[PDB]
Amino acid sequence: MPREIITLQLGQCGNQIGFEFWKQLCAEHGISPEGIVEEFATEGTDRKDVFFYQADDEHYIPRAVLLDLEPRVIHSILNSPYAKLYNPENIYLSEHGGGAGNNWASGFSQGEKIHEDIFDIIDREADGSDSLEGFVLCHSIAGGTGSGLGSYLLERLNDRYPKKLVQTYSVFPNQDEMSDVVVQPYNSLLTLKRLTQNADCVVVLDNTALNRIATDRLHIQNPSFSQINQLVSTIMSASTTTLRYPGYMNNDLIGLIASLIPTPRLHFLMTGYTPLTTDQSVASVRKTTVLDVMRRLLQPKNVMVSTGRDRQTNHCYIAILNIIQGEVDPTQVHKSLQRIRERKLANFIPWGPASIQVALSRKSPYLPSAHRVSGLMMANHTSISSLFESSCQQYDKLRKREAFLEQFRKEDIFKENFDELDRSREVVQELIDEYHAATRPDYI
Amino acid sequence: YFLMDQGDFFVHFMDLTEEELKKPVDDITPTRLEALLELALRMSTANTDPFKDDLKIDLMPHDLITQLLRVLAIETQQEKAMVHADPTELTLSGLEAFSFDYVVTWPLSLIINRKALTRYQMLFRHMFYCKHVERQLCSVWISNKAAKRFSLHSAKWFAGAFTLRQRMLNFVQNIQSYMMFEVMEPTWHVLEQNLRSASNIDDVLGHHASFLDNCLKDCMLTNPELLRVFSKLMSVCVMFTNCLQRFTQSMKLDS
Amino acid sequence: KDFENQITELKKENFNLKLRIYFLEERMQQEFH
Amino acid sequence: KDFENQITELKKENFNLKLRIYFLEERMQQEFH
Numbered sequence: 001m002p003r004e005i006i007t008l009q010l011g012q013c014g015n016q017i018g019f020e021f022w023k024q025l026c027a028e029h030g031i032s033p034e035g036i037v038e039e040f041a042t043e044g045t046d047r048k049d050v051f052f053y054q055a056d057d058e059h060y061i062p063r064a065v066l067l068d069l070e071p072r073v074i075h076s077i078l079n080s081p082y083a084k085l086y087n088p089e090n091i092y093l094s095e096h097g098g099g100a101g102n103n104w105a106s107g108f109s110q111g112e113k114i115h116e117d118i119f120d121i122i123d124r125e126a127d128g129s130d131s132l133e134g135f136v137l138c139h140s141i142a143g144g145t146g147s148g149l150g151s152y153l154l155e156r157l158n159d160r161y162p163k164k165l166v167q168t169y170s171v172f173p174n175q176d177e178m179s180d181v182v183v184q185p186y187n188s189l190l191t192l193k194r195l196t197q198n199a200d201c202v203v204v205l206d207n208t209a210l211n212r213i214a215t216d217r218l219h220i221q222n223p224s225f226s227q228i229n230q231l232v233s234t235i236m237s238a239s240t241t242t243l244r245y246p247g248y249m250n251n252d253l254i255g256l257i258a259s260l261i262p263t264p265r266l267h268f269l270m271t272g273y274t275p276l277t278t279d280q281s282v283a284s285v286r287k288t289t290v291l292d293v294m295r296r297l298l299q300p301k302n303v304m305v306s307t308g309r310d311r312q313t314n315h316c317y318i319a320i321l322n323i324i325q326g327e328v329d330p331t332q333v334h335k336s337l338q339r340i341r342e343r344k345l346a347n348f349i350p351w352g353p354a355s356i357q358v359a360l361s362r363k364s365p366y367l368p369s370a371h372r373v374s375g376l377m378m379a380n381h382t383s384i385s386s387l388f389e390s391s392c393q394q395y396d397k398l399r400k401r402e403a404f405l406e407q408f409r410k411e412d413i414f415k416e417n418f419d420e421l422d423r424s425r426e427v428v429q430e431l432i433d434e435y436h437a438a439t440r441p442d443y444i
Numbered sequence: 519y520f521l522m523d524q525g526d527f528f529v530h531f532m533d534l535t536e537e538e539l540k541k542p543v544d545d546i547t548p549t550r551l552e553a554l555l556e557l558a559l560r561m562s563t564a565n566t567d568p569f570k571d572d573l574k575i576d577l578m579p580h581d582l583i584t585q586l587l588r589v590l591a592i593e594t595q596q597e598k599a600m601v602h603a604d605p606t607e608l609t610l611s612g613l614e615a616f617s618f619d620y621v622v623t624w625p626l627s628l629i630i631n632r633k634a635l636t637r638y639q640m641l642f643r644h645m646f647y648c649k650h651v652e653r654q655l656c657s658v659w660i661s662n663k664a665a666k667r668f669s670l671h672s673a674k675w676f677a678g679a680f681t682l683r684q685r686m687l688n689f690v691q692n693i694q695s696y697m698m699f700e701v702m703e704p705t706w707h708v709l710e711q712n713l714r715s716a717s718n719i720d721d722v723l724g725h726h727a728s729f730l731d732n733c734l735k736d737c738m739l740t741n742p743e744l745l746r747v748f749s750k751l752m753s754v755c756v757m758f759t760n761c762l763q764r765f766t767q768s769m770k771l772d773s
Numbered sequence: 061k062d063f064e065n066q067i068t069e070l071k072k073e074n075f076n077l078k079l080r081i082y083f084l085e086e087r088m089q090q091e092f093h
Numbered sequence: 061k062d063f064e065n066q067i068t069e070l071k072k073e074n075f076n077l078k079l080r081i082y083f084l085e086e087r088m089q090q091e092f093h
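Protein chains in written order, with the entry's author numbering: chain a, 1 to 444; chain A, 519 to 773; chain o, 61 to 93; chain p, 61 to 93.
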């Protein structure tokens with residue numbers, strides 16, 4: 001049965017992630033930007049019902065609701081080639097293009113104020129999807145709508161669909177880079193709290209890591225927010241390749257969440273891409289072994305998560321899932337598991353179930369893969385506890401020094417005090433402590 | 519049919535057709551199963567498979583492992599103890615009994631013998647049982663979502679269910695990865711090559727016999743005690759998930 | 061590997077013969093009995 | 061000698077189980093006739 005996902009885009013970064021993911025899904029399923037299925041995808045093996053909702057025009061339309069309080073991202077999404085690919089009725093655009101002002105409290109207020117409109121789009125997508133599994137919230141942890149509206153959207157999806165998985169593509173702020181929002185620390189903390197409480201699983205997409213990985217591994221000088229959104233789209237297309245092309249294992253989001261999240265609360269996932277190189281980096285007659293792919297993904301130059309290289313937090317993978325796109329030999333997958341276990345190519349959490357699965361699945365036929373073996377890494381590592389600690393410390397620095405506290409206290413969430421930011425930092429700290437415990441034998 | 523590669527039909531095979539699989543031997547209505555199979559056959563892009571009609575509903579007069587342990591785990595002490603055990607009067611659900619059998623014509627494809635059909639039927643019933651079990655485990659994994667906005671430190675039943683699912687889901691994901699990697703990925707090409715190498719009746723029989731017997735030894739389900747050990751190991755994780763879900767159902771109706 | 065292959069082939073052939081014997085015995089019990 | 065012991069038991073078990081199936085099948089086909 002198809003399992004549609006309601007892609008909720010909040011903030012500029014979230015709208016870019018959602019639009020790029022929709023474009024990547026249309027390309028991989030062979031759906032043209034007008035939604036009219038591309039001529040090469042009529043016989044496509046893509047489970048278009050599974051990934052995209054079939055509109056009245058039969059356009060392969062992902063159940064995507066783009067809700068942003070700033071009109072710039074909404075206009076760019078509506079101006080993308082894929083405008084007719086997705087259903088227009090699920091895109092709610094706030095005429096007040098003022099945004100949340102990089103304040104998570106203001107973002108949550110905006111999400112709740114557009115809760116009727118956004119919850120309407122979410123429920124419309126659920127009714128328009130045969131077996132809508134849950135909602136995927138692409139937003140920015142440092143933005144106001146992305147962090148705040150991301151929290152509001154995650155909470156709204158959890159309340160309307162408590163039995164539906166709430167996955168978040170939360171753009172974590174640069175903990176090593178001075179955020180332009182002094183209240184961006186509070187916004188990041190609130191987005192992390194939303195990920196921990198109103199979201200079932202949070203994929204932290206640290207823009208500092210995006211720039212670092214693009215510059216060092218992909219040789220992309222200064223990755224832009226557009227570049228981060230494009231990378232997110234490529235990673236999403238890699239993760240949904242097995243969604244469009246039906247495989248034998250990990251056929252649903254709930255199954256992937258179970259295989260990657262031994263702790264129901266500690267579902268915050270760090271990201272990595274393997275091989276991490278520019279498309280111009282043609283692996284010269286290099287038969288990428290499954291073990292070689294595992295080593296390259298485990299290489300920090302290939303991880304797309306800005307996890308502070310904190311020697312205090314013993315980063316270890318709670319669960320490791322290697323999503324391989326292309327022609328991958330299943331026997332080579334078993335050999336890769338053996339070689340990675342022997343060479344310790346991946347460090348696992350000491351207090352989580354050992355999950356090293358080698359599953360062979362096909363990519364979307366409409367999505368051409370330049371590398372015979374492409375790799376997307378979703379790993380639950382305690383280094384995310386380092387990134388969460390950096391975010392929490394930044395949030396504490398903003399709350400304690402009243403950095404952008406005028407903007408934070410201007411919203412009802414922090415009207416009395418920076419309670420929303422403080423509870424957010426507390427939730428982030430608790431998650432970081434639990435993740436460090438998970439890498440430690442004492443988590444259980 | 520019974521050889522995977524119909525991924526959409528697989529995702530629609532255990533989500534719907536397992537309604538009365540837990541019903542009695544004759545309690546489950548087969549009309550609903552046939553309707554569900556037809557809907558999954560023709561409501562998606564699985565029409566590329568051209569032998570969905572050959573996928574006929576079957577039911578072994580024992581469980582897929584009841585008959586197995588009755589014959590494979592026989593000739594030592596159970597060939598007269600429980601070899602011929604009838605599952606109808608005992609607890610034998612539809613899921614335990616059902617399988618799929620194949621028959622082929624006389625003038626063409628006169629090699630589908632009733633014995634080979636029964637062997638293939640047991641293979642199909644065991645493969646779809648595993649697929650349905652994997653789907654059920656994935657469904658049960660998402661249980662800690664109704665209280666996902668509630669702290670799990672004070673959710674002893676739900677917290678313990680999540681902690682045990684931490685390893686149960688790995689036990690399913692790694693298994694579904696390794697088995698599909700070793701058997702299906704190798705065996706498909708192996709059968710293709712053997713058929714392409716066969717030229718006579720004897721050669722085609724050898725290719726088919728390899729593709730059947732070697733897979734019958736790949737699963738390690740040909741032993742008198744390993745089957746019972748696998749049954750014990752498989753009836754424990756599912757029971758744990760069910761007990762945890764029953765304890766967590768207080769949030770559904772008791773709350 | 062030769063002994064493991066021989067054991068696996070013996071087990072597969074034993075399982076096939078056991079399945080045939082089980083089918084025959086079940087059919088005999090259902091028809092004659 | 062263990063390889064021969066394995067072969068000997070594999071042969072004897074297969075020959076005996078196939079004898080059992082021989083009796084089952086011949087005593088079934090006559091009931092099918």
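For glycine and all other residues, C-beta sits at the position ideal for the given N, C-alpha and C.
For this session: Check whether the region 653-660 of chain A touches the region 735-747 of chain A, taking contact to mean three or more Cβ pairs, one atom from each stretch, closer than 8 Å.
Result: no
Exercise. Residues in its own chain within less than 7 Å of residue 477 of chain a by CB, not counting five upstream and five downstream?
Worked result: Because chain a is modelled from 1 through 444, residue 477 of chain a falls outside the range shown and cannot be assessed.
For this session: Answer yes if the region 352-362 of chain a comes into contact with the region 27-36 of chain a, meaning at least three C-beta pairs across the two stretches below 8 Å, and no otherwise.
Result: no
Exercise. Using DSSP with H/G/I as helix, E/B as strand and the rest coil, what is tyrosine 169 of chain a?
Worked result: By one-based count along the first sequence, residue 169 of chain a stands at place 169. Residue state, collapsed to three classes: strand.
Problem set entry | Under the three-state DSSP convention, the category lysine 574 of chain A falls into | If you number the second sequence from 1, residue 574 of chain A lands on position 56. Residue state, collapsed to three classes: strand.
Exercise. Skipping 5 residues on each side, what residues in its chain have a beta carbon closer than 7 Å to that of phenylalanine 40 of chain a?
Worked result: Here residue 40 of chain a refers to the residue found at position 40 of the first sequence. Contacts found: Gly30, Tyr366.
Exercise. So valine 293 of chain a packs on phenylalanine 699 of chain A, CB below 8 Å; how close in whole Å?
Worked result: In the first sequence, counting from the first residue as 1, residue 293 of chain a sits at position 293. In the second sequence, counting from the first residue as 1, residue 699 of chain A sits at position 181. Actually they do not touch by this definition, with Cβ atoms about 15 Å apart.
Exercise. By Cβ distance below 7 Å, which residues in the same chain neighbour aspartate 252 of chain a in space, the five residues on each side in sequence not counted?
Worked result: Start at 1 with the first residue of the first sequence, and residue 252 of chain a comes out as number 252. So the list reads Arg3, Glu133, once near-sequence residues are dropped.
Exercise. Using 8 Å as the threshold, is the region 156-165 of chain a in touch with the region 96-109 of chain a, meaning 3 or more CB pairs across them?
Worked result: no
Problem set entry | Where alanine 437 of chain a sits in the DSSP three-state scheme | In the first sequence, counting from the first residue as 1, residue 437 of chain a sits at position 437. Here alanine 437 of chain a sits in helix by DSSP.
For this session: Return the chain-ordered ranges of every alpha helix (DSSP H) run that is complete within the region 603-682 of chain A and spans a minimum of 4 residues.
Result: 612-615, 632-659
Exercise. Which residues, in order along the region 344-355 of chain a, keep a beta-carbon less than 8 Å from a beta-carbon of chain A?
Worked result: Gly352, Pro353, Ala354, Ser355
Exercise. Taking DSSP as the reference, what is the three-state secondary structure of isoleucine 546 of chain A?
Worked result: As a working note, residue 546 of chain A is residue 28 in the second sequence. Coil.
Exercise. For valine 428 of chain a, which of helix, strand or coil comes out of DSSP?
Worked result: Translated into positions along the first sequence, residue 428 of chain a becomes position 428. Three-state DSSP puts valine 428 of chain a in a helix.
For this session: Have a look at the DSSP bridge pairing and note the partners of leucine 269 of chain a.
Result: For the purposes of this step, residue 269 of chain a is taken as residue 269 along the first sequence, with counting starting at 1. In DSSP, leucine 269 of chain a forms a bridge with a/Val203.
For this session: Identify each residue in the region 716-735 of chain A for which the Cβ-Cβ distance to at least one residue of chain a is less than 8 Å, and report them in chain order.
Result: none
Exercise. Where does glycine 98 of chain a sit, in a helix, a strand or coil, going by DSSP?
Worked result: Numbered from 1 along the first sequence, position 98 holds the residue referred to as residue 98 of chain a. Of the three classes helix, strand and coil, the one that applies to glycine 98 of chain a here is coil, per DSSP.
For this session: With hydrogens ignored, establish whether the beta-carbon of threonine 288 of chain a is closer than 7 Å to any heavy atom of the ligand COA.
Result: This structure lacks the ligand COA, and indeed carries no ligand of any kind.
For this session: Over the uninterrupted alpha helix (DSSP H) stretch that includes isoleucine 121 of chain a, give me the two end residues.
Result: Counting from 1 along the first sequence, the entry for residue 121 of chain a is found at position 121. Taken as a continuous stretch (DSSP letters only), the alpha helix (DSSP H) holding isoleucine 121 of chain a covers 115-128.
Exercise. Between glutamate 91 of chain o and chain A, is there a C-beta pair that is closer than 8 Å?
Worked result: Translated into positions along the third sequence, residue 91 of chain o becomes position 31. By this cut-off, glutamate 91 of chain o is not an interface position.
Exercise. Smallest Cα separation from residue 472 of chain a: which of a/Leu337, a/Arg343, a/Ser369, a/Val373?
Worked result: The first residue shown for chain a is 1 and the last is 444, placing residue 472 of chain a beyond what the model contains.
Exercise. Taking the alpha-carbon positions, what's the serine 385 of chain a to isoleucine 546 of chain A distance?
Worked result: The residue labelled residue 385 of chain a in the question sits at position 385 within the first sequence. The residue labelled residue 546 of chain A in the question sits at position 28 within the second sequence. If I take the Cα positions, the gap works out to 50 Å.
For this session: State the start and end residues of the unbroken alpha helix (DSSP H) segment that holds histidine 726 of chain A.
Result: Translated into the one-based positions of the second sequence, residue 726 of chain A becomes position 208. Counting along the chain, the alpha helix (DSSP H) containing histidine 726 of chain A begins and ends at 719-736.
Exercise. Helix, strand or coil: how does DSSP classify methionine 377 of chain a here?
Worked result: By one-based count along the first sequence, residue 377 of chain a stands at place 377. Of the three classes helix, strand and coil, the one that applies to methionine 377 of chain a here is strand, per DSSP.
For this session: Could you spell out where the beta strand (DSSP E) holding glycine 134 of chain a opens and where it closes?
Result: In the first sequence, the residue the question calls residue 134 of chain a occupies position 134. That run of the beta strand (DSSP E) goes 134-140.
Exercise. With 16 as the cutoff for other CB atoms within 10 Å, does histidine 671 of chain A come out buried or exposed?
Worked result: By one-based count along the second sequence, residue 671 of chain A stands at place 153. Exposed, by the Cβ-count rule.
Problem set entry | Short Cβ contact (8 Å threshold) for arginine 401 of chain a with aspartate 422 of chain a | As a position in the first sequence, residue 401 of chain a is number 401, starting the count at 1. As a position in the first sequence, residue 422 of chain a is number 422, starting the count at 1. Contact: no.
Exercise. Which same chain residues, not among the five before or five after residue 775 of chain A, have their C-beta less than 6 Å away from its C-beta?
Worked result: Residue 775 of chain A lies beyond the range of chain A shown here (519 to 773); nothing can be said about it.
For this session: Would you decide whether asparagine 631 of chain A is buried or exposed? Buried here means 16 or more other CB atoms lie within 10 Å of its CB.
Result: Counting from one through the second sequence, the residue named residue 631 of chain A turns up at place 113. Burial call: exposed.
Problem set entry | DSSP-derived helix/strand/coil call for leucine 534 of chain A | For the purposes of this step, residue 534 of chain A is taken as the residue at position 16 of the second sequence. DSSP places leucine 534 of chain A in coil when its eight states are reduced to three.
Problem set entry | Reduced DSSP category for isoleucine 36 of chain a - H, G, I as helix; E, B as strand; rest coil | Counting from one through the first sequence, the residue named residue 36 of chain a turns up at place 36. If DSSP states are grouped into helix, strand and coil, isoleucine 36 of chain a belongs with coil.
Exercise. Cα separation between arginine 339 of chain a and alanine 283 of chain a?
Worked result: In the first sequence, counting from the first residue as 1, residue 339 of chain a sits at position 339. In the first sequence, counting from the first residue as 1, residue 283 of chain a sits at position 283. Distance between the alpha carbons of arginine 339 of chain a and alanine 283 of chain a: 21 Å.
For this session: Taking 8 Å as the threshold, find out whether the region 756-765 of chain A comes into contact with the region 663-681 of chain A through three or more Cβ pairs.
Result: yes
Problem set entry | Three-pair Cβ contact test at 8 Å for the region 614-622 of chain A versus the region 564-578 of chain A | yes
Problem set entry | For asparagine 322 of chain a, the residue or residues it bridges with in DSSP | As a working note, residue 322 of chain a is residue 322 in the first sequence. Partner(s): a/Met377.
Exercise. Do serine 140 of chain a and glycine 148 of chain a have their C-beta atoms closer together than 8 Å?
Worked result: The residue labelled residue 140 of chain a in the question sits at position 140 within the first sequence. The residue labelled residue 148 of chain a in the question sits at position 148 within the first sequence. Against a cut-off of 8 Å, the Cβ pair of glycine 148 of chain a and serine 140 of chain a comes out as no contact.
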